[PDB]
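Below is one structure; the comments refer to it alone.
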Amino acid sequence: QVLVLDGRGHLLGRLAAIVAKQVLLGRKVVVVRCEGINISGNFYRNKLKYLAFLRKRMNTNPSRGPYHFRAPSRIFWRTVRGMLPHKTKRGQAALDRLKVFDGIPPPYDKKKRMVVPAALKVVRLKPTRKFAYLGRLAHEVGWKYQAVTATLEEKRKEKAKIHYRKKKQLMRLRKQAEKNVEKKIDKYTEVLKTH
Amino acid sequence: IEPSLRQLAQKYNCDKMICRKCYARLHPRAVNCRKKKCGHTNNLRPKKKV
Amino acid sequence: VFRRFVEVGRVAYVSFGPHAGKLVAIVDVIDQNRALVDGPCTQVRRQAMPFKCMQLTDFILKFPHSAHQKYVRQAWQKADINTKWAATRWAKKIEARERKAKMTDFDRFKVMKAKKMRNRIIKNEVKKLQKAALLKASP
Amino acid sequence: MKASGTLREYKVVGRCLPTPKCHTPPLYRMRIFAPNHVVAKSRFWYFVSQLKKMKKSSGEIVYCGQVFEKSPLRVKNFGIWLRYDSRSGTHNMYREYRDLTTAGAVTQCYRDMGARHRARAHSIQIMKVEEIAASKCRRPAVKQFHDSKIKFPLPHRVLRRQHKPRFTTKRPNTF
Amino acid sequence: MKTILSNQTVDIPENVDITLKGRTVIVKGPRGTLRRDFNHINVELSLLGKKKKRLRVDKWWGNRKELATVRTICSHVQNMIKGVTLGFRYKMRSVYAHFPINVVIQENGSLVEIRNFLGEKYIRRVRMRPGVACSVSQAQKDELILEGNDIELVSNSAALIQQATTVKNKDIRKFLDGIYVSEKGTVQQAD
Amino acid sequence: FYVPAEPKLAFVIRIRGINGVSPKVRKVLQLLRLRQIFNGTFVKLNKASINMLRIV
RNA sequence: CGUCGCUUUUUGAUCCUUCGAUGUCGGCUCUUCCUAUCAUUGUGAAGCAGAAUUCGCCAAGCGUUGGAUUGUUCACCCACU
RNA sequence: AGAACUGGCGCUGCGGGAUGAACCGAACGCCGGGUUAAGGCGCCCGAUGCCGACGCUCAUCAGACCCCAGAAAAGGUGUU
Ligand SMILES: [Mg+2]
């Protein structure tokens with residue numbers, strides 16, 4: 001149906017290249033919490049080449065021309081857009097299957113979220129080399145919604161403690177509930193053939 | 001004046017090396033300029049005394 | 001934090017490659033990413049395997065620094081590495097993982113029926129542990 | 001030479017054609033490292049023509065056999081002498097490796113000369129290779145493995161990406 | 001080169017006990033407690049043995065700029081041990097020509113309000129890093145004392161005084177006026 | 001050392017194409033009957049013949 | 001004394017495009033861009049006491065005039081800055 | 001600007017060089033299956049989604065593939 005990729009710990013182009021391949025193959029991919037996407041190289045280097053992007057402005061009127069987006073949901077969405085054939089109708093239809101959300105909205109906060117170990121910083125960056133966060137390089141360029149997102153992030157996660165608190169309570173029960181067995185005739189085939 | 005306080009002032013203002021290329025104000029036992037603009041060059045002269 | 005090292009005598013498991021799934025005993029490190037290994041009682045002889053292939057276990061052997069095949073063999077079966085590898089929970093997982101892959105179609109029926117059978121018993125009994133816990137807190 | 005794959009040590013002998021002036025030439029011998037014996041009996045005429053007045057027209061080879069080591073299991077220290085070419089001039093170079101075989105350490109040289117000094121395989125001439133004994137090594141990277149009861153762990157392990165699923169719910173621990 | 005490991009040790013005396021949460025270091029001692037995270041530096045820390053209290057910092061393989069930082073770890077730990085038993089005291093003195101520099105302390109040993117620097121009417125209020133204490137010295141002219149547990153907060157505080165007192169648009173080889181640091185000692189002496 | 005006889009015949013294939021070829025070397029291939037790419041022919045090895053395979 | 005470059009705001013060398021035609025000097029008017037920075041901001045160095053100057057650095061945000069002669073670009077002079 | 005030798009373009013499509021007269025492969029009746037050359041194989045874009053090997057390198061202007069489309073002398077206790 002729809003796959004949900006949590007975006008923290010991921011590199012920008014390593015994640016957006018895989019997402020752009022899946023979206024051409026018919027799937028519907030939703031990249032969620034794209035404030036914490038990383039990008040390799042230190043912060044000042046990634047900050048300079050984004051400011052070099054901002055002055056890519058057409059001279060005669062900048063209203064027509066390059067639309068420099070500032071939220072990191074649209075920083076990511078534009079990176080996917082350059083890895084899709086978007087001037088064709090095959091790639092117009094591709095970018096409609098991608099819905100990228102900054103933060104985690106309530107249709108997608110109670111789903112289970114997936115990661116891509118191809119694009120993780122821990123996997124792919126050597127640990128002694130520097131990386132920049134997509135959140136605060138969005139903050140330094142005109143994205144004015146960092147504080148009101150990170151307030152809603154810690155409101156989301158405190159409610160996400162109280163669910164996981166009572167979910168590990170329930171599996172402490174059904175593992176104490178299976179202490180009193182009375183069913184070992186059914187353990188016989190599973191232990192013999194991988195429980 | 002206070003000539004012992006005169007020495008302690010000059011330790012941070014005069015007792016240093018200047019590079020001929022990056023013009024930086026380094027420390028009296030530098031061999032190279034620390035600034036990248038000169039390419040860490042090693043032509044130093046002492047900061048000129050009054 | 002770094003509780004198992006490489007060492008002369010460290011028993012490594014082999015994950016992939018042409019000898020995938022057989023133990024080796026590390027004999028000598030040669031250079032930085034290649035180790036000279038062999039398993040005399042487990043059908044893999046003396047050669048240089050990469051460290052990226054091998055999986056370190058918690059078994060050590062006291063044999064000299066790069067001895068012959070005989071002296072490694074005497075250290076292997078005195079300490080009884082092949083039977084102590086049977087009584088570990090990591091070889092029970094590779095045993096169980098290959099029991100599930102050779103699980104035939106008729107056994108996949110017999111697994112299915114007794115799997116839904118024991119989940120009825122737990123779900124009706126974990127309901128009874130719910131049914132008592134609310135009865136603790138109602139007084 | 002391209003040095004494709006791992007190299008392979010060859011013993012090549014050969015002698016010039018018996019003239020009406022000279023009968024029974026001395027039948028020289030070399031030690032060629034090459035990926036196969038057709039390249040090996042071509043590299044023989046590269047070095048013999050640099051040292052004697054012999055060439056492929058006025059000579060032949062009378063043996064080209066692969067010579068290989070009397071201990072493929074023992075760990076050995078090889079110090080080798082090089083004559084590579086740089087972009088400015090040409091240099092003499094001593095260089096120490098540590099491998100189970102003579103042909104695998106000279107292969108490890110050509111990988112290293114391309115890595116460190118960008119030196120292509122046509123431009124580097126092996127002068128001599130021999131196994132050396134410890135406490136006569138001078139390179140401290142080879143020297144740091146001379147430790148009875150040597151130990152180290154493996155830090156920060158990474159491998160098997162996309163094979164184990166591209167999409168998982170599971171942040172993979174690096175031990 | 002990728003060397004086999006190096007290791008510095010740090011001996012700890014009895015009045016200070018280092019516990020470690022991970023690469024974080026927790027140093028409790030006589031005159032307080034302070035902590036640093038070293039979660040950026042990629043090394044293992046190990047305190048070994050009761051009753052002797054030795055810390056063992058060691059870095060597996062590493063290269064030469066990664067081997068440079070194992071000594072950096074233990075010399076930040078030795079300043080956390082010195083600063084929690086002895087403390088840090090950076091005495092500093094005011095150097096002045098014609099104009100006496102008037103330095104007062106406004107908020108309880110935290111803010112320093114410097115006026116009459118070289119005849120200027122603009123006061124200079126320098127707010128310090130939390131954990132240091134301001135003091136006009138005694139039995140000595142024009143001396144200021146800073147006391148604290150952490151060396152990077154005292155010495156940064158000592159630099160904000162000296163940097164605020166900067167002579168501008170002048171020859172700074174004469175006009176040698178400012179409040180410069182003069183001594184690097186401890187709160188408790190001789191331990 | 002027994003040195004064997006250097007061989008009497010050779011099988012020669014043409015591995016390059018047709019166009020951009022010097023007139024001497026497309027005369028010898030015309031004399032070796034190697035006109036397309038990937039044609040083979042067994043060739044008597046002689047002093048006159050080995051010197052044709054040096055041109056080509 | 002050497003010697004190594006850069007730039008295409010000068011002049012040439014060239015003759016690829018344009019001869020069933022690309023309106024050809026200068027001024028006026030107005031816009032935007034470059035830095036190889038005159039001034040202003042922050043700095044570093046002097047054979048920098050102050051004042052006045054000079055040499056460098058991040059720097060093109062913002063300014064860089066009024067006239068007499070000359071068709072002049074250019075030039076030169078007066079005055080302010 | 002003007003010669004020599006050979007091949008090309010002009011008279012010539014096609015595969016690769018993003019793009020293209022002349023570069024590198026290869027020359028062409030209309031198709032089906034197989035294989036390749038030059039060139040490639042993150043995603044546009046067919047193919048490394050190989051548990052590839054060994055090193056070198058951090059750039060506040062990185063680098064990145066014949067012709068071909070940007071740099072020298074000099075210099076660096078930057079690392080090898
Ligand atoms: Mg050619």
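Residues are referred to by chain and number: the chain letter is A, B, ... according to the order shown in the structure tokens, the number counts from 1 in that chain, and ligands are numbered separately from 1 in the order shown.
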Exercise for review: Find the spatial neighbours of segment 39-46 of chain E, counting only C-alpha atoms (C1' of nucleotides), within a cut-off of 6 Å - ignore same-chain residues fewer than 6 positions away - and output them as a ChimeraX atom specification.
Suggested key: /E:23,55-57,59
Practice item. Using only C-alpha atoms (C1' of nucleotides), find which residues of chain A lie within 6 Å of chain H and jot them down as a ChimeraX atom specification. Key: /A:17,83-85
So which bits of chain F end up alpha helix (DSSP H) when you DSSP the backbone, as a tab-separated table (two decimals) with N, CA, C and O atoms, in the first residue's frame?
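selection08.tsv, written as the output of this step:
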```tsv
chain	number	residue	atom	x	y	z
F	25	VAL	N	48.53	-2.48	-44.82
F	25	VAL	CA	48.02	-3.48	-43.89
F	25	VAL	C	46.69	-4.06	-44.36
F	25	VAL	O	46.33	-5.17	-43.97
F	26	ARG	N	45.96	-3.38	-45.25
F	26	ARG	CA	44.78	-3.98	-45.86
F	26	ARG	C	45.09	-4.65	-47.18
F	26	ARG	O	44.18	-5.09	-47.87
F	27	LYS	N	46.37	-4.74	-47.54
F	27	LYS	CA	46.82	-5.63	-48.60
F	27	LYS	C	47.21	-6.99	-48.04
F	27	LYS	O	46.92	-8.01	-48.66
F	28	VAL	N	47.83	-7.01	-46.86
F	28	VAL	CA	48.23	-8.27	-46.26
F	28	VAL	C	47.01	-9.04	-45.77
F	28	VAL	O	46.93	-10.26	-45.92
F	29	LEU	N	46.02	-8.33	-45.22
F	29	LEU	CA	44.76	-8.97	-44.84
F	29	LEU	C	43.98	-9.43	-46.06
F	29	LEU	O	43.24	-10.41	-45.98
F	30	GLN	N	44.12	-8.72	-47.17
F	30	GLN	CA	43.61	-9.21	-48.44
F	30	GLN	C	44.36	-10.45	-48.90
F	30	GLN	O	43.78	-11.33	-49.55
F	31	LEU	N	45.65	-10.56	-48.56
F	31	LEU	CA	46.42	-11.75	-48.87
F	31	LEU	C	46.29	-12.84	-47.83
F	31	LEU	O	46.66	-13.99	-48.12
F	47	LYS	N	59.47	-17.66	-42.28
F	47	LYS	CA	60.10	-16.35	-42.12
F	47	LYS	C	59.40	-15.28	-42.95
F	47	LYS	O	59.26	-14.14	-42.51
F	48	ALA	N	58.94	-15.65	-44.15
F	48	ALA	CA	58.15	-14.71	-44.95
F	48	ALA	C	56.78	-14.46	-44.34
F	48	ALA	O	56.23	-13.37	-44.49
F	49	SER	N	56.23	-15.45	-43.63
F	49	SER	CA	54.87	-15.35	-43.12
F	49	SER	C	54.80	-14.66	-41.77
F	49	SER	O	53.86	-13.91	-41.51
F	50	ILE	N	55.76	-14.94	-40.87
F	50	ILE	CA	55.81	-14.28	-39.58
F	50	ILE	C	56.04	-12.78	-39.75
F	50	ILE	O	55.47	-11.97	-39.01
F	51	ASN	N	56.80	-12.39	-40.77
F	51	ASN	CA	56.98	-10.98	-41.05
F	51	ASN	C	55.73	-10.33	-41.63
F	51	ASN	O	55.61	-9.11	-41.57
F	52	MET	N	54.80	-11.11	-42.19
F	52	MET	CA	53.50	-10.55	-42.53
F	52	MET	C	52.64	-10.32	-41.30
F	52	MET	O	51.84	-9.39	-41.27
F	53	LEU	N	52.77	-11.18	-40.29
F	53	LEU	CA	51.99	-11.00	-39.07
F	53	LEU	C	52.56	-9.93	-38.16
F	53	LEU	O	51.92	-9.58	-37.17
F	54	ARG	N	53.75	-9.41	-38.46
F	54	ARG	CA	54.26	-8.26	-37.73
F	54	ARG	C	53.68	-6.96	-38.26
F	54	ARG	O	53.56	-5.99	-37.50
F	55	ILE	N	53.35	-6.92	-39.55
F	55	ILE	CA	52.72	-5.75	-40.13
F	55	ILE	C	51.34	-5.55	-39.53
F	55	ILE	O	50.90	-4.42	-39.29
```
Practice item. Mind the document's chain letters and residue numbers, and return as a PyMOL selection string the residues of segment 62-146 of chain E that DSSP labels strand (DSSP E or B). Key: chain E and resi 88-95+102-105+111-115+124-127+132-136+143-146
Practice item. For atom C1' of residue 45 of chain G and atom CA of residue 15 of chain B, quote the distance in Å rounded to one decimal. Key: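 According to the coordinates, atom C1' of residue 45 of chain G and atom CA of residue 15 of chain B are separated by 14.6 Å.
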Point to revise | Nearest-residue call for chain C, choices A:164, A:145, A:76, A:188, using only C-alpha atoms | key: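 Comparing A:164, A:145, A:76, A:188 against chain C, the winner is A:188.
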Check your understanding: Given a cut-off of 12 Å, what residues near ligand 1 show up using only C-alpha atoms (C1' of nucleotides) and all ligand atoms, put as a ChimeraX atom specification?
Key -> /F:16-17,19-22 /H:7-8,23-25,38,66-67
Dump as a PDB file, in the first residue's frame, selection limited to N, CA and C atoms (P, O5', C5', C4', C3', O3' and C1' of nucleotides):
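So result-v8.pdb came out as:
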```pdb
ATOM      1  N   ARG F  16      39.979  -6.301 -35.478  1.00  0.00           N
ATOM      2  CA  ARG F  16      39.592  -4.926 -35.753  1.00  0.00           C
ATOM      3  C   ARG F  16      38.704  -4.869 -36.983  1.00  0.00           C
ATOM      4  N   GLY F  17      38.181  -3.687 -37.247  1.00  0.00           N
ATOM      5  CA  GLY F  17      37.181  -3.489 -38.272  1.00  0.00           C
ATOM      6  C   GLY F  17      37.760  -3.261 -39.646  1.00  0.00           C
ATOM      7  N   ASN F  19      37.417   0.035 -41.500  1.00  0.00           N
ATOM      8  CA  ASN F  19      37.439   1.409 -41.980  1.00  0.00           C
ATOM      9  C   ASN F  19      38.366   2.269 -41.141  1.00  0.00           C
ATOM     10  N   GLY F  20      39.299   2.933 -41.812  1.00  0.00           N
ATOM     11  CA  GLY F  20      40.381   3.630 -41.156  1.00  0.00           C
ATOM     12  C   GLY F  20      41.623   2.770 -41.101  1.00  0.00           C
ATOM     13  N   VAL F  21      41.991   2.187 -42.243  1.00  0.00           N
ATOM     14  CA  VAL F  21      43.018   1.157 -42.332  1.00  0.00           C
ATOM     15  C   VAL F  21      44.007   1.543 -43.429  1.00  0.00           C
ATOM     16  N   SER F  22      45.304   1.500 -43.104  1.00  0.00           N
ATOM     17  CA  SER F  22      46.388   1.872 -44.009  1.00  0.00           C
ATOM     18  C   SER F  22      46.450   0.924 -45.209  1.00  0.00           C
TER      19      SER F  22
ATOM     20  P     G H   7      45.003   5.781 -47.150  1.00  0.00           P
ATOM     21  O5'   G H   7      43.958   6.125 -46.003  1.00  0.00           O
ATOM     22  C5'   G H   7      43.669   5.187 -44.984  1.00  0.00           C
ATOM     23  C4'   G H   7      43.018   5.832 -43.785  1.00  0.00           C
ATOM     24  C3'   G H   7      41.693   6.531 -44.018  1.00  0.00           C
ATOM     25  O3'   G H   7      40.591   5.649 -44.080  1.00  0.00           O
ATOM     26  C1'   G H   7      43.081   7.916 -42.729  1.00  0.00           C
ATOM     27  P     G H   8      39.330   6.004 -45.005  1.00  0.00           P
ATOM     28  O5'   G H   8      38.710   7.317 -44.354  1.00  0.00           O
ATOM     29  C5'   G H   8      37.638   7.238 -43.430  1.00  0.00           C
ATOM     30  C4'   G H   8      37.580   8.447 -42.529  1.00  0.00           C
ATOM     31  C3'   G H   8      36.565   9.511 -42.895  1.00  0.00           C
ATOM     32  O3'   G H   8      35.257   9.183 -42.472  1.00  0.00           O
ATOM     33  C1'   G H   8      38.628  10.535 -42.409  1.00  0.00           C
ATOM     34  P     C H  23      37.625  11.555 -37.091  1.00  0.00           P
ATOM     35  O5'   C H  23      37.685  11.898 -35.544  1.00  0.00           O
ATOM     36  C5'   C H  23      38.904  12.288 -34.931  1.00  0.00           C
ATOM     37  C4'   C H  23      38.864  12.034 -33.450  1.00  0.00           C
ATOM     38  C3'   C H  23      38.668  10.582 -33.053  1.00  0.00           C
ATOM     39  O3'   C H  23      39.889   9.868 -33.030  1.00  0.00           O
ATOM     40  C1'   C H  23      37.147  11.945 -31.857  1.00  0.00           C
ATOM     41  P     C H  24      40.018   8.448 -33.756  1.00  0.00           P
ATOM     42  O5'   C H  24      39.325   7.458 -32.740  1.00  0.00           O
ATOM     43  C5'   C H  24      39.768   7.388 -31.402  1.00  0.00           C
ATOM     44  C4'   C H  24      38.907   6.450 -30.616  1.00  0.00           C
ATOM     45  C3'   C H  24      38.413   5.241 -31.375  1.00  0.00           C
ATOM     46  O3'   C H  24      39.397   4.238 -31.496  1.00  0.00           O
ATOM     47  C1'   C H  24      36.623   6.197 -30.189  1.00  0.00           C
ATOM     48  P     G H  25      39.259   3.077 -32.590  1.00  0.00           P
ATOM     49  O5'   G H  25      38.151   2.124 -31.979  1.00  0.00           O
ATOM     50  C5'   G H  25      37.615   1.069 -32.738  1.00  0.00           C
ATOM     51  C4'   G H  25      36.252   0.663 -32.254  1.00  0.00           C
ATOM     52  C3'   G H  25      35.369   0.044 -33.309  1.00  0.00           C
ATOM     53  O3'   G H  25      35.692  -1.301 -33.586  1.00  0.00           O
ATOM     54  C1'   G H  25      34.132   1.646 -32.125  1.00  0.00           C
ATOM     55  P     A H  38      36.584  -2.571 -26.337  1.00  0.00           P
ATOM     56  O5'   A H  38      36.267  -1.024 -26.406  1.00  0.00           O
ATOM     57  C5'   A H  38      37.065  -0.155 -27.185  1.00  0.00           C
ATOM     58  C4'   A H  38      36.281   1.067 -27.560  1.00  0.00           C
ATOM     59  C3'   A H  38      35.721   1.860 -26.398  1.00  0.00           C
ATOM     60  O3'   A H  38      36.654   2.734 -25.794  1.00  0.00           O
ATOM     61  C1'   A H  38      34.005   1.462 -27.935  1.00  0.00           C
ATOM     62  P     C H  66      38.444  12.699 -21.330  1.00  0.00           P
ATOM     63  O5'   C H  66      39.361  11.908 -22.362  1.00  0.00           O
ATOM     64  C5'   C H  66      40.745  11.710 -22.118  1.00  0.00           C
ATOM     65  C4'   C H  66      41.513  11.564 -23.407  1.00  0.00           C
ATOM     66  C3'   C H  66      41.453  12.755 -24.347  1.00  0.00           C
ATOM     67  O3'   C H  66      42.409  13.747 -24.020  1.00  0.00           O
ATOM     68  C1'   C H  66      41.025  10.760 -25.556  1.00  0.00           C
ATOM     69  P     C H  67      41.990  15.291 -23.965  1.00  0.00           P
ATOM     70  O5'   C H  67      41.675  15.659 -25.478  1.00  0.00           O
ATOM     71  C5'   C H  67      42.711  15.778 -26.438  1.00  0.00           C
ATOM     72  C4'   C H  67      42.146  15.902 -27.827  1.00  0.00           C
ATOM     73  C3'   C H  67      41.214  17.081 -28.060  1.00  0.00           C
ATOM     74  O3'   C H  67      41.915  18.275 -28.365  1.00  0.00           O
ATOM     75  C1'   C H  67      40.229  15.100 -28.910  1.00  0.00           C
TER      76        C H  67
END
```
Practice item. Using only C-alpha atoms (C1' of nucleotides), pick whichever of A:180, A:44, A:77, A:21 has the shortest atom-to-atom distance to residue 45 of chain H. Key: A:21
For the contact check between chain B and chain H, emit one row per residue of chain B within 7 Å, containing the shortest atom pair and the distance in Å rounded to one decimal, counting only C-alpha atoms (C1' of nucleotides), chain then rising number order, as CSV.
```
residue,atom,partner,partner_atom,distance
B:39,CA,H:76,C1',5.5
B:40,CA,H:76,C1',5.2
B:41,CA,H:76,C1',6.0
```
Exercise for review: For chain B, list the residues within 12 Å of chain G, counting only C-alpha atoms (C1' of nucleotides), and write the list as number ranges by chain.
Suggested key: B: 17-26, 35, 37-38, 45-50
Per residue of chain E within 9 Å of chain D, which atom pair is closest and at what distance in Å (one decimal), using only C-alpha atoms, listed by chain and increasing number, as a tab-separated table?
```
residue	atom	partner	partner_atom	distance
E:1	CA	D:141	CA	6.4
E:2	CA	D:141	CA	8.0
E:3	CA	D:141	CA	7.3
E:4	CA	D:144	CA	7.0
E:5	CA	D:152	CA	8.2
E:60	CA	D:152	CA	7.4
E:61	CA	D:152	CA	8.4
```
Exercise for review: Could you list, as a ChimeraX atom specification, the residues of chain D having an atom within 8 Å of chain H when counting only C-alpha atoms (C1' of nucleotides)?
Suggested key: /D:108,111-112,115-116,159-163
